[PDB]
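Novice: Quick one: this structure, given as structure tokens, is what I'll be asking you about.
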Amino acid sequence: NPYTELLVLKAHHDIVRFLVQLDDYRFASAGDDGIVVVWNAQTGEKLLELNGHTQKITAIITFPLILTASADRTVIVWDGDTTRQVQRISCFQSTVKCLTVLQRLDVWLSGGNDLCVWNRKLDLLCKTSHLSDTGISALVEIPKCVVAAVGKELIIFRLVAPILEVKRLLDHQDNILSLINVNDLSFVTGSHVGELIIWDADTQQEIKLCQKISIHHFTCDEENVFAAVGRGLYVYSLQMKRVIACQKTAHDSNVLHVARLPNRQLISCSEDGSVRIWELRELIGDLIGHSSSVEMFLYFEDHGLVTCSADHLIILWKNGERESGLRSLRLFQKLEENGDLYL
Amino acid sequence: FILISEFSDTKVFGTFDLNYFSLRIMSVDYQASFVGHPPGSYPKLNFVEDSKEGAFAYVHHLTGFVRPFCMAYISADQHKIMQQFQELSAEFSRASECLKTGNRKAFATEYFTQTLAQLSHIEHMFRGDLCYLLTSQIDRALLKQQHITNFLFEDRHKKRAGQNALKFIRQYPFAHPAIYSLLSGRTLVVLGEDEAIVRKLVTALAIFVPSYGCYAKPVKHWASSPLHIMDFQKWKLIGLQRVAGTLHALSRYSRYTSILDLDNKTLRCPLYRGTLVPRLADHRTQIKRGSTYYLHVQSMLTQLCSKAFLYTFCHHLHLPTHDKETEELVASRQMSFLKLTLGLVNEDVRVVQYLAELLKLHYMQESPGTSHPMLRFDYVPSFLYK
Amino acid sequence: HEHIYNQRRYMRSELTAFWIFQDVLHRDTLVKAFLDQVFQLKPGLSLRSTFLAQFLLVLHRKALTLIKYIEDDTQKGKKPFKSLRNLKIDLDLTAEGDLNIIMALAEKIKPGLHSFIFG
Amino acid sequence: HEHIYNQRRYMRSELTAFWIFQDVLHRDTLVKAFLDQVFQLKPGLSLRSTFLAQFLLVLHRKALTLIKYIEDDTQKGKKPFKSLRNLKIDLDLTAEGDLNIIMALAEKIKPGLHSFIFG
């Protein structure tokens with residue numbers, strides 16, 4: 001409803017899958033080209049391409065530095081304002097698939113069929129495991145410091161010391177497709193068949209929900225949780241322990257990324273290339289701008305939201321009544337700065 | 001109709017049409033020996049009447065024995081040649097310098113075609129009339145005066161453009177909202193096969209488009225592509241073709257189009273109920289020879305761009321006169337400006353609301369749609385007209 | 001047209017020797033709009049001269065399309081004019097007091113119109 | 001004419017079940033003249049009602065001569081209308097915003113004009 005202007009961005013020539021915010025005027029789009037071009041969210045000008053990976057991408061992250069793994073068995077550490085490769089870590093026998101960074105003890109992690117703890121500046125190892133046979137598909141942090149991980153269909157935990165443990169748990173029915181933290185005291189996973197199960201933190205398994213085709217993504221709204229099942233938006237609570245009113249048909253094809261604006265609005269991706277906004281107490285408006293399947297988005301609080309797809313394009317979404325009163329705000333500054341009007 | 005020739009004490013050669021038919025009847029020998037030197041005549045140049053009208057008579061010398069040689073003009077009336085003495089003096093006092101600082105070299109025919117091409121350029125640039133040259137001087141000086149708003153519609157193929165614009169408007173129903181979509185910022189996706197019809201419709205409707213900057217046009221002639229939103233960014237009217245589909249997959253982008261169908265006689269754009277487009281384009285018009293109509297539309301769009309200049313550069317509208325700005329106050333104050341003073345009604349406020357934004361983007365960085373691809377739109381529901 | 005005609009009357013009738021300010025008829029719309037909306041721009045920032053040149057541009061272009069429309073209404077002076085009303089509704093000139101400005105500039109850079117259409 | 005037409009649209013499209021204030025276009029001249037020159041007479045001396053009845057009289061007589069002029073322009077509804085411009089210059093109705101008053105009263109005591117001339 002408010003977003004009435006869009007500036008399409010184009011630098012890639014493969015499927016764009018990943019976005020991350022660096023600081024609050026610029027972001028980075030990393031697709032299956034293996035190139036990482038940073039953009040400017042205020043005015044949509046590309047700044048610099050970070051090229052050097054050969055194969056497709058698997059996971060990017062921002063370290064307070066742009067650490068990036070790919071399908072070839074290597075990780076390239078990068079940085080803003082440089083356009084140079086900082087390091088070329090290639091010591092992996094399988095493809096690294098997770099780069100979840102602990103914000104507490106400045107640790108960078110990996111996922112390439114094992115777990116290896118790394119270092120901040122003097123970029124060395126700290127500890128190596130094997131503990132897998134398929135490939136680790138999800139990582140998350142949790143307090144009391146314990147690091148959760150999915151082997152294939154088993155939640156296995158860790159610990160940190162100046163050095164880890166095993167705290168296997170399995171109790172499942174299919175391989176785990178998603179994993180999320182909450183504010184504190186819990187964490188939520190979801191099986192491929194649609195079994196939404198909540199744990200606490202560790203602590204005990206809590207609910208073994210049914211009735212919801214295949215789940216894709218979660219969203220913390222700690223009084224309730226927001227699932228993303230096949231063309232559905234089934235909402236599950238925490239206090240009431242039941243399904244607060246859901247939407248059996250939200251999108252046409254699928255729902256494959258959900259997130260939440262801070263102004264009590266709910267937003268989802270799709271597979272036909274459609275973005276929609278819901279209010280809790282339902283639909284508000286479309287954001288029809290992509291041909292093929294959208295994949296991820298990101299929401300700048302000051303200026304607009306950014307969406308990517310498998311059609312190589314990246315689209316900013318500004319509003320036309322707040323970003324038009326800034327064109328005629330820099331104009332009168334420039335006019336009285338210039339003195340005359342033609343000089 | 002008018003003639004141009006040489007002198008010496010007789011005719012040397014004609015230059016206008018090289019001794020043509022009954023358009024040329026009167027002898028050059030009547031003009032000859034009366035435009036030479038009966039006082040005897042260094043660079044003499046004079047002007048007489050001799051009631052055709054006597055004209056510019058720059059006297060030139062060759063020192064060599066063949067000294068009397070002046071080049072002479074003639075036209076219809078008096079004040080065409082007397083009133084334009086300043087632009088007939090300094091274009092034959094410099095075209096003779098090819099011959100003067102030409103054939104002054106060979107006494108101590110190489111520059112002959114130089115004079116016989118420069119002189120043809122003089123008659124071609126002074127071919128028209130006395131009124132047309134004065135209007136082109138005034139339009140030249142005034143387009144030198146304004147410099148912001150000229151790019152919006154600054155752009156004899158304009159005769160073929162405007163004549164097909166008139167044959168568009170008075171021979172196609174519901175064209176008021178189509179031209180509203182062109183003037184408002186909505187991409188008129190002209191769709192239909194039989195290429196030449198679509199191309200003539202495109203070059204006819206190309207007049208109404210407010211181009212982005214001081215580069216040529218955002219028009220696209222007969223694209224054949226699925227048209228995702230990157231061609232809707234860089235082109236404001238597009239000439240798609242039918243393939244015997246695209247109408248169903250194109251309607252997914254229904255927020256940014258006005259799909260005018262040639263083989264179906266329908267279009268899909270919002271409702272236009274305003275008065276500015278009917279005075280730009282009335283249904284019945286008693287205007288003949290549509291180049292006149294193109295002058296009418298250019299005269300009207302100049303006034304429209306003046307209204308957009310006014311709405312852009314008023315300080316007390318855009319700068320908020322409050323500590324904390326409230327968009328109810330500044331939006332209602334802008335709306336009170338375009339209703340009361342400019343006299344606009346319910347969609348023309350959207351038109352001037354757009355052209356002002358193009359004017360801001362030209363003045364601020366001289367780059368809309370190249371390094372700032374804005375593409376502002378709205379959620380107004382388009383209706384399927386039939 | 002009455003000035004040229006009465007000029008011919010007074011010159012002839014003063015060459016046969018030894019062989020009046022009537023007030024403003026009615027106002028207009030373009031100069032009322034122009035003077036209405038100029039004094040909202042700022043004085044010393046070269047805006048009023050720009051908008052003034054835009055106003056003189058639309059005045060001269062309306063003059064030239066009036067010249068073209070008379071010039072092709074008849075066969076460039078073959079037939080008498082007889083076409084003032086459609087000229088006034090088509091060319092946005094329904095006020096006669098605003099017709100007189102464009103008609104005066106059109107006479108000023110094409111002489112002989114007022115005798116052709118009025119006299 | 002759009003009100004009757006869209007009335008037919010909404011009534012039909014609500015009878016097939018189980019088988020918007022757009023602001024003032026432009027102003028006028030008679031009501032501006034009338035309201036200009038009424039408040040110079042005196043209030044309590046029965047003058048304003050007299051002049052008001054004269055204004056309603058010229059409104060209704062302009063309505064009746066508009067009805068007559070449409071009524072004999074075509075052969076009382078044989079041919080389509082096609083004659084708005086000469087109707088506007090002859091009957092002192094060059095402003096459309098002052099045409100709409102006389103046309104509205106003419107519709108009010110002769111129904112079916114707006115569909116005949118506009119739709």
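Just remember, in the structure tokens the first chain shown is A, the second B, etc., residues are 1-based per chain, and ligands are 1-based in the order shown.
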Least-squares fit on all C-alpha atoms, paired in order: put chain C onto chain D and return it as a short mmCIF file (atom, residue, chain, number, x, y, z; two decimals) with N, CA and C atoms, in the first residue's frame.

Specialist:
```cif
data_model
loop_
_atom_site.label_atom_id
_atom_site.label_comp_id
_atom_site.auth_asym_id
_atom_site.auth_seq_id
_atom_site.Cartn_x
_atom_site.Cartn_y
_atom_site.Cartn_z
N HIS C 1 -26.03 11.97 -17.63
CA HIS C 1 -26.00 10.90 -18.62
C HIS C 1 -25.14 9.74 -18.12
N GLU C 2 -24.01 10.04 -17.47
CA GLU C 2 -23.23 9.02 -16.80
C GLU C 2 -23.92 8.53 -15.53
N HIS C 3 -24.80 9.34 -14.93
CA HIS C 3 -25.52 8.91 -13.74
C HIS C 3 -26.63 7.92 -14.10
N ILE C 4 -27.35 8.18 -15.19
CA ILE C 4 -28.36 7.23 -15.66
C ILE C 4 -27.68 5.98 -16.21
N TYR C 5 -26.56 6.15 -16.92
CA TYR C 5 -25.87 5.01 -17.52
C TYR C 5 -25.26 4.11 -16.46
N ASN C 6 -24.54 4.69 -15.50
CA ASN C 6 -23.99 3.90 -14.40
C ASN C 6 -25.07 3.44 -13.43
N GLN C 7 -26.22 4.12 -13.41
CA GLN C 7 -27.37 3.63 -12.66
C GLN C 7 -27.92 2.35 -13.28
N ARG C 8 -27.96 2.30 -14.61
CA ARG C 8 -28.34 1.09 -15.32
C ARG C 8 -27.31 -0.02 -15.11
N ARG C 9 -26.03 0.35 -15.06
CA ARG C 9 -24.97 -0.62 -14.78
C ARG C 9 -25.11 -1.21 -13.39
N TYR C 10 -25.34 -0.38 -12.38
CA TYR C 10 -25.37 -0.90 -11.02
C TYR C 10 -26.68 -1.60 -10.71
N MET C 11 -27.79 -1.16 -11.31
CA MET C 11 -29.05 -1.86 -11.09
C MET C 11 -29.07 -3.21 -11.80
N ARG C 12 -28.59 -3.26 -13.04
CA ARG C 12 -28.49 -4.54 -13.75
C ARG C 12 -27.50 -5.47 -13.07
N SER C 13 -26.32 -4.95 -12.73
CA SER C 13 -25.28 -5.76 -12.10
C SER C 13 -25.55 -6.03 -10.62
N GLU C 14 -26.64 -5.50 -10.05
CA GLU C 14 -27.13 -5.98 -8.77
C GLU C 14 -28.42 -6.77 -8.88
N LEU C 15 -29.03 -6.84 -10.06
CA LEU C 15 -30.10 -7.80 -10.29
C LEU C 15 -29.60 -9.10 -10.90
N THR C 16 -28.35 -9.15 -11.36
CA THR C 16 -27.75 -10.42 -11.75
C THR C 16 -27.25 -11.23 -10.56
N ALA C 17 -27.39 -10.73 -9.34
CA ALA C 17 -27.09 -11.53 -8.16
C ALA C 17 -28.22 -12.53 -7.93
N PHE C 18 -27.90 -13.82 -8.07
CA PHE C 18 -28.84 -14.95 -8.00
C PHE C 18 -29.96 -14.78 -9.03
N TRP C 19 -29.55 -14.88 -10.30
CA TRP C 19 -30.45 -14.76 -11.45
C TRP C 19 -31.57 -15.80 -11.46
N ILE C 20 -16.77 8.62 -4.27
CA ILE C 20 -16.93 8.76 -5.71
C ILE C 20 -17.25 10.20 -6.06
N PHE C 21 -17.38 11.04 -5.04
CA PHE C 21 -17.70 12.45 -5.25
C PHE C 21 -16.50 13.15 -5.86
N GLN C 22 -16.54 13.34 -7.17
CA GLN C 22 -15.47 14.01 -7.89
C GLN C 22 -15.79 15.49 -7.93
N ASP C 23 -14.82 16.32 -7.56
CA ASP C 23 -15.06 17.71 -7.20
C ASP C 23 -15.43 18.55 -8.43
N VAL C 24 -15.72 19.83 -8.16
CA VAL C 24 -16.36 20.71 -9.14
C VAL C 24 -15.41 20.97 -10.30
N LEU C 25 -15.92 20.78 -11.52
CA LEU C 25 -15.08 20.86 -12.71
C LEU C 25 -14.58 22.28 -12.94
N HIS C 26 -15.49 23.22 -13.17
CA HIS C 26 -15.12 24.59 -13.48
C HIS C 26 -16.33 25.50 -13.28
N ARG C 27 -16.04 26.77 -12.99
CA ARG C 27 -17.05 27.73 -12.57
C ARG C 27 -17.74 28.35 -13.79
N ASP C 28 -18.48 29.43 -13.56
CA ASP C 28 -19.45 29.94 -14.51
C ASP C 28 -19.37 31.47 -14.55
N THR C 29 -20.37 32.09 -15.16
CA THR C 29 -20.38 33.54 -15.28
C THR C 29 -21.68 34.19 -14.80
N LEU C 30 -22.82 33.50 -14.96
CA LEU C 30 -24.09 34.11 -14.58
C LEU C 30 -24.25 34.19 -13.07
N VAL C 31 -23.83 33.15 -12.36
CA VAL C 31 -23.97 33.15 -10.91
C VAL C 31 -22.90 34.04 -10.28
N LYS C 32 -21.74 34.18 -10.94
CA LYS C 32 -20.73 35.12 -10.48
C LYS C 32 -21.19 36.56 -10.66
N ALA C 33 -21.81 36.85 -11.80
CA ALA C 33 -22.37 38.18 -12.03
C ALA C 33 -23.51 38.47 -11.07
N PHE C 34 -24.42 37.50 -10.91
CA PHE C 34 -25.59 37.64 -10.03
C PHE C 34 -25.18 37.89 -8.59
N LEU C 35 -24.36 36.99 -8.03
CA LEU C 35 -23.88 37.17 -6.66
C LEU C 35 -22.96 38.37 -6.51
N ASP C 36 -22.33 38.81 -7.60
CA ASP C 36 -21.58 40.06 -7.57
C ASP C 36 -22.52 41.24 -7.34
N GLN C 37 -23.59 41.34 -8.13
CA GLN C 37 -24.37 42.56 -8.20
C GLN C 37 -25.68 42.52 -7.40
N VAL C 38 -25.92 41.46 -6.63
CA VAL C 38 -27.11 41.47 -5.76
C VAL C 38 -26.83 42.20 -4.45
N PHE C 39 -25.64 42.06 -3.89
CA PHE C 39 -25.36 42.60 -2.56
C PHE C 39 -25.06 44.10 -2.56
N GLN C 40 -25.45 44.81 -3.62
CA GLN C 40 -25.43 46.25 -3.68
C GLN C 40 -26.81 46.87 -3.50
N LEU C 41 -27.87 46.10 -3.76
CA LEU C 41 -29.23 46.50 -3.44
C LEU C 41 -29.46 46.40 -1.93
N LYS C 42 -30.59 46.92 -1.49
CA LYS C 42 -30.87 46.90 -0.06
C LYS C 42 -31.58 45.61 0.35
N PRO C 43 -31.31 45.12 1.58
CA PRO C 43 -31.93 43.86 2.03
C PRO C 43 -33.45 43.88 2.22
N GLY C 44 -33.96 44.76 3.07
CA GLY C 44 -35.31 44.60 3.57
C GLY C 44 -36.39 45.33 2.79
N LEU C 45 -36.11 45.66 1.53
CA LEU C 45 -37.01 46.50 0.75
C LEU C 45 -37.58 45.78 -0.46
N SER C 46 -37.59 44.44 -0.44
CA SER C 46 -38.22 43.57 -1.45
C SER C 46 -37.62 43.77 -2.85
N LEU C 47 -36.35 44.18 -2.91
CA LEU C 47 -35.64 44.36 -4.16
C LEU C 47 -34.88 43.11 -4.58
N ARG C 48 -34.27 42.43 -3.60
CA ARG C 48 -33.46 41.24 -3.89
C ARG C 48 -34.31 40.08 -4.36
N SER C 49 -35.55 39.98 -3.88
CA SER C 49 -36.45 38.94 -4.37
C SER C 49 -36.94 39.25 -5.77
N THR C 50 -37.13 40.53 -6.09
CA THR C 50 -37.50 40.93 -7.44
C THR C 50 -36.39 40.60 -8.43
N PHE C 51 -35.16 41.01 -8.11
CA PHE C 51 -34.03 40.73 -8.99
C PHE C 51 -33.71 39.24 -9.05
N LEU C 52 -33.95 38.53 -7.94
CA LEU C 52 -33.80 37.07 -7.92
C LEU C 52 -34.81 36.40 -8.85
N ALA C 53 -36.04 36.91 -8.88
CA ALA C 53 -37.04 36.36 -9.79
C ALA C 53 -36.74 36.72 -11.24
N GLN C 54 -36.08 37.86 -11.47
CA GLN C 54 -35.63 38.19 -12.82
C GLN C 54 -34.52 37.24 -13.27
N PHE C 55 -33.63 36.88 -12.34
CA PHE C 55 -32.56 35.95 -12.66
C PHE C 55 -33.09 34.55 -12.92
N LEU C 56 -34.05 34.09 -12.11
CA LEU C 56 -34.67 32.80 -12.39
C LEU C 56 -35.48 32.84 -13.67
N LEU C 57 -35.99 34.02 -14.04
CA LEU C 57 -36.73 34.15 -15.29
C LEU C 57 -35.81 34.04 -16.50
N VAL C 58 -34.64 34.67 -16.45
CA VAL C 58 -33.73 34.55 -17.58
C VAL C 58 -33.09 33.16 -17.62
N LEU C 59 -32.95 32.50 -16.46
CA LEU C 59 -32.49 31.11 -16.46
C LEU C 59 -33.50 30.18 -17.13
N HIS C 60 -34.78 30.31 -16.77
CA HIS C 60 -35.79 29.43 -17.36
C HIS C 60 -36.05 29.75 -18.83
N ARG C 61 -35.94 31.02 -19.22
CA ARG C 61 -36.13 31.36 -20.63
C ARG C 61 -34.95 30.91 -21.48
N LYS C 62 -33.73 30.96 -20.93
CA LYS C 62 -32.60 30.37 -21.63
C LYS C 62 -32.73 28.86 -21.72
N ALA C 63 -33.32 28.23 -20.70
CA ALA C 63 -33.59 26.80 -20.76
C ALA C 63 -34.59 26.48 -21.87
N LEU C 64 -35.64 27.28 -22.00
CA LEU C 64 -36.65 26.99 -23.00
C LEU C 64 -36.16 27.29 -24.41
N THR C 65 -35.31 28.31 -24.60
CA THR C 65 -34.78 28.50 -25.95
C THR C 65 -33.66 27.52 -26.27
N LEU C 66 -33.02 26.92 -25.25
CA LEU C 66 -32.11 25.81 -25.51
C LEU C 66 -32.89 24.57 -25.95
N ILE C 67 -34.03 24.32 -25.30
CA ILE C 67 -34.93 23.23 -25.68
C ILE C 67 -35.44 23.43 -27.10
N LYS C 68 -35.83 24.66 -27.44
CA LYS C 68 -36.29 24.94 -28.80
C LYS C 68 -35.17 24.79 -29.81
N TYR C 69 -33.95 25.20 -29.44
CA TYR C 69 -32.86 25.16 -30.41
C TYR C 69 -32.36 23.75 -30.67
N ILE C 70 -32.36 22.88 -29.65
CA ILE C 70 -32.11 21.47 -29.90
C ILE C 70 -33.29 20.86 -30.65
N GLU C 71 -34.50 21.27 -30.29
CA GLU C 71 -35.73 20.71 -30.84
C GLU C 71 -35.89 21.00 -32.33
N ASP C 72 -35.28 22.07 -32.84
CA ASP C 72 -35.33 22.33 -34.27
C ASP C 72 -33.98 22.23 -34.96
N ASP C 73 -32.90 22.01 -34.20
CA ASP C 73 -31.61 21.71 -34.81
C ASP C 73 -31.66 20.40 -35.58
N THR C 74 -31.99 19.31 -34.89
CA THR C 74 -32.47 18.10 -35.53
C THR C 74 -33.97 18.22 -35.76
N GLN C 75 -34.58 17.18 -36.33
CA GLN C 75 -36.01 17.22 -36.63
C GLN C 75 -36.81 16.65 -35.46
N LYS C 76 -36.60 17.26 -34.30
CA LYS C 76 -37.16 16.86 -33.00
C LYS C 76 -36.82 15.40 -32.70
N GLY C 77 -35.52 15.12 -32.71
CA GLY C 77 -35.02 13.80 -32.37
C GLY C 77 -34.91 12.82 -33.52
N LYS C 78 -34.72 13.29 -34.75
CA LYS C 78 -34.51 12.38 -35.87
C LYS C 78 -33.04 12.05 -36.04
N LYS C 79 -32.22 13.05 -36.28
CA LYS C 79 -30.79 13.06 -36.50
C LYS C 79 -30.06 13.19 -35.16
N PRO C 80 -28.86 12.62 -35.02
CA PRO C 80 -28.02 12.95 -33.87
C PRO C 80 -27.64 14.42 -33.84
N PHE C 81 -27.32 14.89 -32.63
CA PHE C 81 -27.21 16.31 -32.31
C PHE C 81 -26.13 17.06 -33.08
N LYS C 82 -24.86 16.77 -32.78
CA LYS C 82 -23.67 17.21 -33.54
C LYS C 82 -23.59 18.74 -33.68
N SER C 83 -24.18 19.49 -32.75
CA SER C 83 -24.30 20.94 -32.95
C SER C 83 -24.08 21.70 -31.65
N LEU C 84 -23.04 21.35 -30.90
CA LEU C 84 -22.84 21.99 -29.60
C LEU C 84 -22.15 23.34 -29.71
N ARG C 85 -21.26 23.51 -30.69
CA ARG C 85 -20.39 24.69 -30.73
C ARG C 85 -21.16 25.94 -31.13
N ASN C 86 -21.97 25.85 -32.19
CA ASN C 86 -22.83 26.97 -32.57
C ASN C 86 -23.90 27.25 -31.52
N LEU C 87 -24.34 26.21 -30.81
CA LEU C 87 -25.23 26.41 -29.67
C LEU C 87 -24.54 27.18 -28.56
N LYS C 88 -23.23 27.00 -28.41
CA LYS C 88 -22.53 27.70 -27.34
C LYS C 88 -22.16 29.12 -27.73
N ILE C 89 -21.89 29.39 -29.01
CA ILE C 89 -21.56 30.77 -29.35
C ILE C 89 -22.81 31.61 -29.61
N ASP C 90 -23.89 31.02 -30.11
CA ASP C 90 -25.08 31.80 -30.40
C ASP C 90 -25.84 32.16 -29.13
N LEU C 91 -26.00 31.20 -28.23
CA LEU C 91 -26.87 31.37 -27.07
C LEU C 91 -26.15 31.96 -25.86
N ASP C 92 -24.99 32.59 -26.07
CA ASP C 92 -24.21 33.28 -25.03
C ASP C 92 -23.76 32.30 -23.94
N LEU C 93 -23.31 31.12 -24.37
CA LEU C 93 -23.00 30.01 -23.48
C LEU C 93 -21.64 29.41 -23.81
N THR C 94 -20.63 30.27 -23.98
CA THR C 94 -19.30 29.79 -24.33
C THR C 94 -18.60 29.12 -23.15
N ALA C 95 -18.90 29.54 -21.93
CA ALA C 95 -18.42 28.80 -20.77
C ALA C 95 -19.23 27.52 -20.61
N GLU C 96 -18.53 26.39 -20.47
CA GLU C 96 -19.21 25.12 -20.23
C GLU C 96 -19.80 25.07 -18.83
N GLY C 97 -19.13 25.70 -17.86
CA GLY C 97 -19.62 25.73 -16.49
C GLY C 97 -20.86 26.57 -16.30
N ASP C 98 -21.17 27.43 -17.26
CA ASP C 98 -22.44 28.14 -17.30
C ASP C 98 -23.40 27.52 -18.29
N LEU C 99 -22.90 26.68 -19.19
CA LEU C 99 -23.78 25.83 -20.00
C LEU C 99 -24.47 24.79 -19.13
N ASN C 100 -23.79 24.30 -18.10
CA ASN C 100 -24.32 23.18 -17.32
C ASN C 100 -25.55 23.55 -16.50
N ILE C 101 -25.70 24.83 -16.15
CA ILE C 101 -26.88 25.27 -15.41
C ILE C 101 -28.12 25.25 -16.29
N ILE C 102 -28.04 25.90 -17.45
CA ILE C 102 -29.15 25.96 -18.39
C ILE C 102 -29.45 24.57 -18.95
N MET C 103 -28.41 23.77 -19.16
CA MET C 103 -28.58 22.40 -19.62
C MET C 103 -29.19 21.53 -18.53
N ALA C 104 -28.90 21.82 -17.26
CA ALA C 104 -29.46 21.04 -16.17
C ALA C 104 -30.94 21.36 -15.96
N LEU C 105 -31.32 22.64 -16.07
CA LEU C 105 -32.74 22.97 -15.99
C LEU C 105 -33.50 22.45 -17.21
N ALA C 106 -32.85 22.47 -18.38
CA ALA C 106 -33.47 21.95 -19.59
C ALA C 106 -33.68 20.44 -19.50
N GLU C 107 -32.73 19.72 -18.91
CA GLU C 107 -32.95 18.31 -18.61
C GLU C 107 -34.06 18.14 -17.57
N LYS C 108 -34.16 19.08 -16.62
CA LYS C 108 -35.11 18.91 -15.53
C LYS C 108 -36.55 19.12 -15.99
N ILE C 109 -36.77 19.92 -17.04
CA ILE C 109 -38.13 20.00 -17.57
C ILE C 109 -38.19 19.65 -19.05
N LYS C 110 -37.25 18.82 -19.50
CA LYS C 110 -37.35 18.00 -20.71
C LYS C 110 -36.37 16.84 -20.57
N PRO C 111 -36.82 15.66 -20.14
CA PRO C 111 -35.88 14.57 -19.85
C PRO C 111 -35.34 13.91 -21.10
N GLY C 112 -34.07 13.53 -21.04
CA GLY C 112 -33.43 12.80 -22.12
C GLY C 112 -32.50 13.59 -23.01
N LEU C 113 -32.02 14.76 -22.57
CA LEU C 113 -31.16 15.57 -23.42
C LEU C 113 -29.70 15.13 -23.32
N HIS C 114 -29.22 14.91 -22.09
CA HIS C 114 -27.82 14.58 -21.84
C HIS C 114 -27.41 13.27 -22.51
N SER C 115 -28.32 12.30 -22.58
CA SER C 115 -28.03 11.09 -23.33
C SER C 115 -28.03 11.35 -24.83
N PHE C 116 -28.82 12.32 -25.29
CA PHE C 116 -28.90 12.62 -26.71
C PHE C 116 -27.68 13.40 -27.20
N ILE C 117 -27.09 14.25 -26.35
CA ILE C 117 -26.02 15.12 -26.79
C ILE C 117 -24.65 14.68 -26.27
N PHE C 118 -24.57 14.03 -25.11
CA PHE C 118 -23.29 13.69 -24.51
C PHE C 118 -22.95 12.21 -24.67
N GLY C 119 -23.84 11.32 -24.26
CA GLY C 119 -23.60 9.89 -24.38
C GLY C 119 -23.74 9.36 -25.79
#
```

Novice: When you look at residue 5 of chain B with a cut-off of 9 Å (counting only C-alpha atoms), what residues show up, excluding the ones that are within fewer than 6 positions of it in the same chain? I need them as a ChimeraX atom specification.

Specialist: /B:11-16,28,71-74

Novice: Using the selection just defined, write its residues with N, CA and C atoms as a CSV table (one decimal), in the first residue's frame.

Specialist:
```
chain,number,residue,atom,x,y,z
B,11,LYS,N,24.0,38.5,-67.2
B,11,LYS,CA,23.9,37.3,-66.4
B,11,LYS,C,25.1,36.4,-66.6
B,12,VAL,N,25.6,35.8,-65.5
B,12,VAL,CA,26.6,34.8,-65.6
B,12,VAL,C,26.0,33.4,-65.5
B,13,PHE,N,25.3,33.1,-64.4
B,13,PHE,CA,24.6,31.9,-64.2
B,13,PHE,C,23.5,32.0,-63.2
B,14,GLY,N,22.4,31.3,-63.4
B,14,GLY,CA,21.4,31.2,-62.3
B,14,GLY,C,21.7,30.0,-61.4
B,15,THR,N,21.2,30.1,-60.2
B,15,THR,CA,21.6,29.2,-59.1
B,15,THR,C,20.4,28.6,-58.4
B,16,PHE,N,19.2,29.3,-58.5
B,16,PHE,CA,18.0,28.8,-57.7
B,16,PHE,C,17.5,27.5,-58.3
B,28,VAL,N,17.0,38.6,-66.7
B,28,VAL,CA,18.0,39.0,-65.8
B,28,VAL,C,18.7,40.3,-66.3
B,71,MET,N,27.5,40.1,-56.7
B,71,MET,CA,26.5,39.0,-56.6
B,71,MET,C,25.2,39.6,-55.9
B,72,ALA,N,24.1,39.2,-56.5
B,72,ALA,CA,22.8,39.9,-56.1
B,72,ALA,C,21.7,38.9,-55.8
B,73,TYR,N,20.9,39.3,-54.9
B,73,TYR,CA,19.7,38.6,-54.4
B,73,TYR,C,18.5,39.2,-55.0
B,74,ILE,N,17.3,38.5,-55.0
B,74,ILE,CA,16.0,39.1,-55.3
B,74,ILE,C,15.0,38.2,-54.6
```

Novice: What's the separation between atom CA of residue 274 of chain B and atom CA of residue 345 of chain B, in Å to one decimal place?

Specialist: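 Taking atom CA of residue 274 of chain B and atom CA of residue 345 of chain B, their separation equals 5.5 Å.
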
Novice: At a cut-off of 10 Å, can you tabulate as a tab-separated table every residue of chain B near chain A together with its closest atom pair and the distance in Å to one decimal, using only C-alpha atoms and ordering rows by chain then number?

Specialist:
```
residue	atom	partner	partner_atom	distance
B:146	CA	A:342	CA	9.6
B:147	CA	A:342	CA	8.0
B:148	CA	A:342	CA	8.8
B:226	CA	A:291	CA	10.0
B:227	CA	A:291	CA	9.8
B:228	CA	A:291	CA	6.7
B:229	CA	A:289	CA	7.1
B:230	CA	A:8	CA	7.0
B:233	CA	A:8	CA	8.0
B:249	CA	A:291	CA	9.7
B:252	CA	A:288	CA	7.9
B:253	CA	A:288	CA	7.4
B:254	CA	A:288	CA	9.2
B:255	CA	A:288	CA	8.5
B:312	CA	A:328	CA	7.8
B:313	CA	A:332	CA	8.4
B:314	CA	A:332	CA	9.7
B:315	CA	A:332	CA	7.8
B:317	CA	A:328	CA	9.9
B:318	CA	A:328	CA	6.4
B:319	CA	A:329	CA	7.0
B:320	CA	A:329	CA	9.7
B:327	CA	A:321	CA	8.6
B:330	CA	A:325	CA	9.9
B:331	CA	A:321	CA	9.1
B:356	CA	A:328	CA	9.8
B:357	CA	A:324	CA	7.7
B:360	CA	A:327	CA	6.6
B:361	CA	A:327	CA	7.5
B:363	CA	A:331	CA	7.8
B:364	CA	A:331	CA	6.2
B:365	CA	A:331	CA	9.8
B:369	CA	A:7	CA	8.9
B:371	CA	A:45	CA	7.0
B:372	CA	A:43	CA	6.8
B:373	CA	A:7	CA	5.3
B:374	CA	A:7	CA	5.4
B:375	CA	A:5	CA	5.4
B:376	CA	A:5	CA	4.1
B:377	CA	A:4	CA	5.2
B:378	CA	A:4	CA	5.7
B:379	CA	A:1	CA	7.6
```
